[PDB]
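Visitor: Structure supplied as run.pdb; contents: PDB, C-alpha atoms.
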ATOM      1  CA  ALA V   1    -225.555  14.631 173.483
ATOM      2  CA  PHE V   2    -221.931  14.841 172.155
ATOM      3  CA  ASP V   3    -219.487  16.936 174.149
ATOM      4  CA  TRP V   4    -217.997  18.920 171.288
ATOM      5  CA  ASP V   5    -216.350  21.496 173.619
ATOM      6  CA  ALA V   6    -214.428  18.732 175.458
ATOM      7  CA  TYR V   7    -213.510  17.076 172.088
ATOM      8  CA  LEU V   8    -212.247  20.334 170.427
ATOM      9  CA  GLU V   9    -210.113  21.040 173.406
ATOM     10  CA  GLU V  10    -208.561  17.569 173.585
ATOM     11  CA  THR V  11    -207.822  17.291 169.898
ATOM     12  CA  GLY V  12    -206.583  20.941 169.796
ATOM     13  CA  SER V  13    -209.156  21.849 167.184
ATOM     14  CA  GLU V  14    -211.455  24.495 165.934
ATOM     15  CA  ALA V  15    -214.987  23.786 164.853
ATOM     16  CA  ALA V  16    -215.837  25.282 161.446
ATOM     17  CA  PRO V  17    -217.850  28.532 161.968
ATOM     18  CA  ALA V  18    -221.590  28.484 161.087
ATOM     19  CA  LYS V  19    -221.102  31.084 158.240
ATOM     20  CA  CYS V  20    -219.204  28.337 156.297
ATOM     21  CA  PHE V  21    -222.330  26.112 155.880
ATOM     22  CA  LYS V  22    -225.468  26.353 153.803
ATOM     23  CA  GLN V  23    -227.675  25.518 156.796
ATOM     24  CA  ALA V  24    -230.157  27.666 158.723
ATOM     25  CA  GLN V  25    -228.769  29.375 161.852
ATOM     26  CA  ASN V  26    -231.449  27.324 163.702
ATOM     27  CA  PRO V  27    -232.561  23.838 162.701
ATOM     28  CA  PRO V  28    -235.892  24.097 160.789
ATOM     29  CA  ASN V  29    -238.961  22.588 162.497
ATOM     30  CA  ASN V  30    -239.990  19.259 161.148
ATOM     31  CA  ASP V  31    -243.743  19.045 160.902
ATOM     32  CA  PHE V  32    -243.906  16.248 158.417
ATOM     33  CA  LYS V  33    -245.614  12.958 159.355
ATOM     34  CA  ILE V  34    -244.918   9.428 158.238
ATOM     35  CA  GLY V  35    -247.127   8.512 155.306
ATOM     36  CA  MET V  36    -247.234  12.023 153.840
ATOM     37  CA  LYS V  37    -246.662  12.193 150.101
ATOM     38  CA  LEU V  38    -244.575  14.800 148.311
ATOM     39  CA  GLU V  39    -242.445  15.268 145.223
ATOM     40  CA  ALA V  40    -238.748  14.583 145.145
ATOM     41  CA  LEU V  41    -235.864  14.213 142.667
ATOM     42  CA  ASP V  42    -235.117  10.523 142.104
ATOM     43  CA  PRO V  43    -231.671  10.088 143.469
ATOM     44  CA  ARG V  44    -231.043   7.354 140.865
ATOM     45  CA  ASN V  45    -232.082   9.812 138.134
ATOM     46  CA  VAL V  46    -231.958  13.378 139.164
ATOM     47  CA  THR V  47    -233.641  14.625 136.022
ATOM     48  CA  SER V  48    -236.871  12.846 137.195
ATOM     49  CA  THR V  49    -239.310  14.129 139.786
ATOM     50  CA  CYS V  50    -241.293  11.442 141.503
ATOM     51  CA  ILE V  51    -243.845  10.883 144.189
ATOM     52  CA  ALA V  52    -242.159  10.053 147.506
ATOM     53  CA  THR V  53    -243.565   9.099 150.915
ATOM     54  CA  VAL V  54    -242.187  10.112 154.284
ATOM     55  CA  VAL V  55    -241.192   6.779 155.873
ATOM     56  CA  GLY V  56    -239.210   8.195 158.826
ATOM     57  CA  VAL V  57    -238.474  11.488 160.468
ATOM     58  CA  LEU V  58    -235.355  12.269 162.501
ATOM     59  CA  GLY V  59    -234.449  15.724 163.672
ATOM     60  CA  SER V  60    -234.993  18.091 160.674
ATOM     61  CA  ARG V  61    -234.680  15.207 158.228
ATOM     62  CA  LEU V  62    -237.148  13.019 156.365
ATOM     63  CA  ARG V  63    -236.426   9.546 155.224
ATOM     64  CA  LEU V  64    -238.058   9.257 151.805
ATOM     65  CA  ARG V  65    -239.033   6.239 149.722
ATOM     66  CA  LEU V  66    -240.366   6.559 146.130
ATOM     67  CA  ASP V  67    -243.830   5.066 145.568
ATOM     68  CA  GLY V  68    -243.843   1.973 143.320
ATOM     69  CA  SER V  69    -240.203   1.205 143.835
ATOM     70  CA  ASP V  70    -238.427  -0.782 146.587
ATOM     71  CA  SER V  71    -237.525  -0.516 150.253
ATOM     72  CA  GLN V  72    -233.763  -0.747 149.772
ATOM     73  CA  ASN V  73    -232.987   2.693 148.356
ATOM     74  CA  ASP V  74    -234.406   5.115 150.820
ATOM     75  CA  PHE V  75    -232.854   8.543 150.997
ATOM     76  CA  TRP V  76    -232.779  11.456 153.462
ATOM     77  CA  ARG V  77    -233.547  15.070 152.798
ATOM     78  CA  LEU V  78    -233.841  18.025 155.202
ATOM     79  CA  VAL V  79    -237.200  19.685 155.471
ATOM     80  CA  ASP V  80    -235.600  22.754 153.799
ATOM     81  CA  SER V  81    -234.092  20.890 150.877
ATOM     82  CA  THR V  82    -234.756  22.377 147.420
ATOM     83  CA  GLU V  83    -235.079  18.852 146.058
ATOM     84  CA  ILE V  84    -238.389  18.014 147.716
ATOM     85  CA  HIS V  85    -241.644  19.939 147.140
ATOM     86  CA  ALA V  86    -245.372  19.760 147.778
ATOM     87  CA  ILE V  87    -247.445  17.795 145.292
ATOM     88  CA  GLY V  88    -248.582  19.837 142.264
ATOM     89  CA  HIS V  89    -245.226  21.695 142.260
ATOM     90  CA  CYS V  90    -243.736  19.912 139.258
ATOM     91  CA  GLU V  91    -246.864  20.440 137.135
ATOM     92  CA  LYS V  92    -247.384  24.109 138.130
ATOM     93  CA  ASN V  93    -243.825  24.532 136.694
ATOM     94  CA  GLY V  94    -244.433  22.982 133.227
ATOM     95  CA  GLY V  95    -243.243  19.485 134.266
ATOM     96  CA  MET V  96    -244.440  15.851 134.331
ATOM     97  CA  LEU V  97    -244.123  13.423 137.235
ATOM     98  CA  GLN V  98    -242.041  10.380 136.287
ATOM     99  CA  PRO V  99    -241.893   6.775 137.453
ATOM    100  CA  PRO V 100    -238.978   6.029 139.717
ATOM    101  CA  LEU V 101    -235.969   4.351 138.193
ATOM    102  CA  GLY V 102    -236.732   1.264 140.299
ATOM    103  CA  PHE V 103    -240.416   1.165 139.383
ATOM    104  CA  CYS V 104    -241.739  -2.344 140.114
ATOM    105  CA  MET V 105    -244.315  -2.488 137.169
ATOM    106  CA  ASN V 106    -243.904  -1.951 133.400
ATOM    107  CA  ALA V 107    -243.774   1.643 132.063
ATOM    108  CA  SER V 108    -247.135   1.753 130.244
ATOM    109  CA  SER V 109    -248.599   0.945 133.688
ATOM    110  CA  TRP V 110    -247.269   4.258 134.998
ATOM    111  CA  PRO V 111    -250.165   6.751 134.214
ATOM    112  CA  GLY V 112    -252.780   4.479 135.864
ATOM    113  CA  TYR V 113    -250.433   3.959 138.789
ATOM    114  CA  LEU V 114    -250.110   7.688 139.656
ATOM    115  CA  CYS V 115    -253.889   7.962 139.921
ATOM    116  CA  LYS V 116    -254.288   5.044 142.231
ATOM    117  CA  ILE V 117    -251.571   6.258 144.674
ATOM    118  CA  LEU V 118    -252.691   9.865 144.637
ATOM    119  CA  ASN V 119    -256.343   8.852 145.470
ATOM    120  CA  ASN V 120    -257.165  10.016 149.006
ATOM    121  CA  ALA V 121    -253.432  10.134 149.705
ATOM    122  CA  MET V 122    -252.046  11.829 152.818
ATOM    123  CA  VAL V 123    -250.185  14.789 151.359
ATOM    124  CA  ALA V 124    -247.741  17.183 152.964
ATOM    125  CA  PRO V 125    -249.221  20.671 152.852
ATOM    126  CA  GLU V 126    -247.007  23.274 151.257
ATOM    127  CA  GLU V 127    -246.574  25.321 154.421
ATOM    128  CA  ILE V 128    -244.582  22.670 156.266
ATOM    129  CA  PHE V 129    -241.809  22.804 153.656
ATOM    130  CA  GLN V 130    -239.049  25.089 155.053
ATOM    131  CA  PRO V 131    -237.331  27.919 153.116
ATOM    132  CA  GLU V 132    -233.869  27.349 151.517
ATOM    133  CA  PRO V 133    -231.025  28.728 153.806
ATOM    134  CA  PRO V 134    -228.846  31.597 152.620
ATOM    135  CA  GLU V 135    -225.641  30.371 151.081
ATOM    136  CA  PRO V 136    -222.012  31.413 151.612
ATOM    137  CA  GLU V 137    -220.520  32.984 148.428
ATOM    138  CA  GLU V 138    -217.156  31.304 148.725
ATOM    139  CA  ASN V 139    -215.479  28.434 150.437
ATOM    140  CA  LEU V 140    -214.751  29.644 154.039
ATOM    141  CA  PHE V 141    -213.700  26.277 155.361
ATOM    142  CA  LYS V 142    -210.108  25.753 156.323
ATOM    143  CA  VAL V 143    -207.943  22.672 156.661
ATOM    144  CA  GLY V 144    -208.204  21.304 160.176
ATOM    145  CA  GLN V 145    -211.793  22.343 160.977
ATOM    146  CA  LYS V 146    -214.292  20.009 162.533
ATOM    147  CA  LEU V 147    -217.950  19.587 161.732
ATOM    148  CA  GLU V 148    -220.948  17.213 161.595
ATOM    149  CA  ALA V 149    -221.442  15.298 158.376
ATOM    150  CA  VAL V 150    -223.772  12.690 156.933
ATOM    151  CA  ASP V 151    -222.041   9.385 156.241
ATOM    152  CA  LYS V 152    -223.030   8.924 152.595
ATOM    153  CA  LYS V 153    -222.698   5.129 152.839
ATOM    154  CA  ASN V 154    -225.082   4.929 155.883
ATOM    155  CA  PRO V 155    -227.034   8.224 155.607
ATOM    156  CA  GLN V 156    -229.254   7.726 158.711
ATOM    157  CA  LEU V 157    -225.981   8.611 160.505
ATOM    158  CA  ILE V 158    -224.432  12.029 161.024
ATOM    159  CA  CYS V 159    -220.954  11.908 162.432
ATOM    160  CA  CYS V 160    -218.159  13.875 163.901
ATOM    161  CA  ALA V 161    -215.821  14.834 160.996
ATOM    162  CA  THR V 162    -212.820  16.930 159.906
ATOM    163  CA  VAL V 163    -211.917  18.936 156.780
ATOM    164  CA  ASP V 164    -208.778  17.298 155.448
ATOM    165  CA  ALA V 165    -208.035  19.273 152.289
ATOM    166  CA  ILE V 166    -209.469  21.978 149.996
ATOM    167  CA  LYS V 167    -209.437  22.492 146.188
ATOM    168  CA  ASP V 168    -211.490  25.602 145.321
ATOM    169  CA  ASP V 169    -215.200  24.887 145.959
ATOM    170  CA  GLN V 170    -214.718  21.283 147.108
ATOM    171  CA  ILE V 171    -213.944  20.181 150.690
ATOM    172  CA  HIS V 172    -212.603  16.772 151.719
ATOM    173  CA  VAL V 173    -214.512  15.360 154.600
ATOM    174  CA  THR V 174    -212.844  12.722 156.885
ATOM    175  CA  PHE V 175    -214.514  10.743 159.736
ATOM    176  CA  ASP V 176    -212.541  10.762 162.974
ATOM    177  CA  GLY V 177    -211.693   7.299 164.168
ATOM    178  CA  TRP V 178    -212.809   5.628 160.980
ATOM    179  CA  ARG V 179    -210.497   4.354 158.214
ATOM    180  CA  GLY V 180    -210.569   6.959 155.345
ATOM    181  CA  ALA V 181    -213.002   4.607 153.585
ATOM    182  CA  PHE V 182    -215.981   6.847 154.521
ATOM    183  CA  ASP V 183    -214.220   9.962 153.322
ATOM    184  CA  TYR V 184    -215.604  12.080 150.468
ATOM    185  CA  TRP V 185    -215.242  15.296 148.593
ATOM    186  CA  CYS V 186    -218.206  17.605 148.451
ATOM    187  CA  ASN V 187    -219.017  21.139 147.464
ATOM    188  CA  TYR V 188    -218.906  23.651 150.357
ATOM    189  CA  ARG V 189    -222.591  24.292 149.616
ATOM    190  CA  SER V 190    -223.504  20.658 150.439
ATOM    191  CA  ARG V 191    -226.600  20.095 152.526
ATOM    192  CA  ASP V 192    -224.932  17.075 154.097
ATOM    193  CA  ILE V 193    -222.599  19.060 156.368
ATOM    194  CA  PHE V 194    -223.437  20.933 159.570
ATOM    195  CA  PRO V 195    -221.715  23.081 162.270
ATOM    196  CA  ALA V 196    -220.758  21.222 165.456
ATOM    197  CA  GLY V 197    -223.813  21.290 167.782
ATOM    198  CA  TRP V 198    -226.400  21.191 165.050
ATOM    199  CA  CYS V 199    -227.564  17.674 165.685
ATOM    200  CA  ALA V 200    -228.104  18.288 169.395
ATOM    201  CA  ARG V 201    -230.018  21.448 168.528
ATOM    202  CA  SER V 202    -232.327  19.505 166.232
ATOM    203  CA  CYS V 203    -232.625  16.183 168.164
ATOM    204  CA  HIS V 204    -230.764  14.126 165.590
ATOM    205  CA  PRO V 205    -228.492  11.430 167.051
ATOM    206  CA  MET V 206    -224.780  12.328 166.430
ATOM    207  CA  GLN V 207    -222.056   9.636 166.222
ATOM    208  CA  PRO V 208    -218.908  10.099 168.306
ATOM    209  CA  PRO V 209    -215.549   9.265 166.569
ATOM    210  CA  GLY V 210    -215.006   5.662 165.645
ATOM    211  CA  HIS V 211    -212.905   3.249 167.782
ATOM    212  CA  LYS V 212    -210.070   2.809 165.279
TER
END
Using structure tokens, write down the structure that the file contains.
Guide:
Amino acid sequence: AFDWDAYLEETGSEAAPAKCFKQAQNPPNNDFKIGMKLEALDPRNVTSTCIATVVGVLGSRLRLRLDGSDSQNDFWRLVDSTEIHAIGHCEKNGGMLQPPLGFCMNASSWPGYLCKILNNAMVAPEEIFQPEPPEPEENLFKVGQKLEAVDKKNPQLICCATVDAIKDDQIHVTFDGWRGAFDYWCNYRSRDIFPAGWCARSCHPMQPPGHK
């Protein structure tokens, strides 16, 4: 459990206030179980919705993998993400499920495929999907502030970070003790940033600053 209060005091810093983030005041409960199927936006083509399977769970996050694709392109979504839904959601809304971009068969094999994987499949019930957190209506971050952030190159990891710079609705996230190579800009609404303490409150491991 990372001693944020010690760290803030030794670096002379403020943590960014909770009202800055689009995250629930309390981490949402994660009732998902590994093997459950659900519907998610294909990160490699965000216009497609695809069947995904929970392959890991960590704090309030799911590690998802799209059925019929590959094991090298897993992605993580919070249980209260608006990019995952219960199965049947897409269709109820006038949509069609799509094969993943990395689908391992040929396309005409897709309709048959959906049937086989949906047959007696373990499916996440709709009630375990958490509601979308209220959002701030402007950027309240400020240069200097510290926070917890997913490292988009190794997303299993959430790490101690700092806001470096601001241009309107974008913040620039830096990772303390790492070479600015893991830095990124993101919208203040991003679901990949959290107030200091969030990880401990949700049982997600939280990386201390790097050793550089």
Visitor: So, counting only C-alpha atoms, which residue among V:35, V:180, V:200, V:147 is closest to residue V:120?
Guide: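 Nearest candidate to residue V:120 out of V:35, V:180, V:200, V:147: V:35.
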Visitor: When the PyMOL selection byres ((chain V and resi 90) around 12) is applied to the file above, which residues end up in the set, as a short mmCIF file (atom, residue, chain, number, x, y, z; two decimals) with C-alpha atoms, in the frame of the given file?
Guide:
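Heads up, here's the output in expr-v1.cif:
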data_model
loop_
_atom_site.label_atom_id
_atom_site.label_comp_id
_atom_site.auth_asym_id
_atom_site.auth_seq_id
_atom_site.Cartn_x
_atom_site.Cartn_y
_atom_site.Cartn_z
CA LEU V 38 -244.58 14.80 148.31
CA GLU V 39 -242.44 15.27 145.22
CA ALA V 40 -238.75 14.58 145.15
CA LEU V 41 -235.86 14.21 142.67
CA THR V 47 -233.64 14.62 136.02
CA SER V 48 -236.87 12.85 137.20
CA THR V 49 -239.31 14.13 139.79
CA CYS V 50 -241.29 11.44 141.50
CA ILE V 51 -243.84 10.88 144.19
CA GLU V 83 -235.08 18.85 146.06
CA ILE V 84 -238.39 18.01 147.72
CA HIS V 85 -241.64 19.94 147.14
CA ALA V 86 -245.37 19.76 147.78
CA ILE V 87 -247.44 17.80 145.29
CA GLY V 88 -248.58 19.84 142.26
CA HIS V 89 -245.23 21.70 142.26
CA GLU V 91 -246.86 20.44 137.14
CA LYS V 92 -247.38 24.11 138.13
CA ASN V 93 -243.82 24.53 136.69
CA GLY V 94 -244.43 22.98 133.23
CA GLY V 95 -243.24 19.48 134.27
CA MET V 96 -244.44 15.85 134.33
CA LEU V 97 -244.12 13.42 137.24
CA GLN V 98 -242.04 10.38 136.29
#
Visitor: Which residue, V:100, V:131, V:125, V:195, has the smallest gap to residue V:69 when you use all atoms listed in the file?
Guide: V:100
Visitor: So that I can check the surroundings of stretch 5-21 of chain V, please list as a CSV table (one decimal) with C-alpha atoms, in the coordinates of the input every protein, DNA and RNA residue that reaches within 10 Å of it, counting all atoms listed in the file and ignoring chain neighbours fewer than 2 positions away.
Guide:
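Once everything was written out, this is result-v5.csv:
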chain,number,residue,atom,x,y,z
V,2,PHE,CA,-221.9,14.8,172.2
V,3,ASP,CA,-219.5,16.9,174.1
V,23,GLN,CA,-227.7,25.5,156.8
V,24,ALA,CA,-230.2,27.7,158.7
V,25,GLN,CA,-228.8,29.4,161.9
V,133,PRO,CA,-231.0,28.7,153.8
V,134,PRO,CA,-228.8,31.6,152.6
V,135,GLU,CA,-225.6,30.4,151.1
V,136,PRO,CA,-222.0,31.4,151.6
V,137,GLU,CA,-220.5,33.0,148.4
V,138,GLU,CA,-217.2,31.3,148.7
V,139,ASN,CA,-215.5,28.4,150.4
V,140,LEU,CA,-214.8,29.6,154.0
V,141,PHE,CA,-213.7,26.3,155.4
V,142,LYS,CA,-210.1,25.8,156.3
V,143,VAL,CA,-207.9,22.7,156.7
V,144,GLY,CA,-208.2,21.3,160.2
V,145,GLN,CA,-211.8,22.3,161.0
V,146,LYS,CA,-214.3,20.0,162.5
V,147,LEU,CA,-218.0,19.6,161.7
V,148,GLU,CA,-220.9,17.2,161.6
V,160,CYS,CA,-218.2,13.9,163.9
V,161,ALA,CA,-215.8,14.8,161.0
V,162,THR,CA,-212.8,16.9,159.9
V,163,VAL,CA,-211.9,18.9,156.8
V,188,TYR,CA,-218.9,23.7,150.4
V,189,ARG,CA,-222.6,24.3,149.6
V,190,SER,CA,-223.5,20.7,150.4
V,191,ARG,CA,-226.6,20.1,152.5
V,192,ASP,CA,-224.9,17.1,154.1
V,193,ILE,CA,-222.6,19.1,156.4
V,194,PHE,CA,-223.4,20.9,159.6
V,195,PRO,CA,-221.7,23.1,162.3
V,196,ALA,CA,-220.8,21.2,165.5
V,197,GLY,CA,-223.8,21.3,167.8
V,198,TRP,CA,-226.4,21.2,165.0
V,208,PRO,CA,-218.9,10.1,168.3
V,209,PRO,CA,-215.5,9.3,166.6
Visitor: Could you work out how far atom CA of residue V:63 lies from atom CA of residue V:103, giving the answer in Å with one decimal?
Guide: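 Those two atoms sit 18.4 Å apart.
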Visitor: So how far away is atom CA of residue V:104 from atom CA of residue V:58, in Å?
Guide: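 Separating atom CA of residue V:58 from atom CA of residue V:104 is a distance of 27.5 Å.
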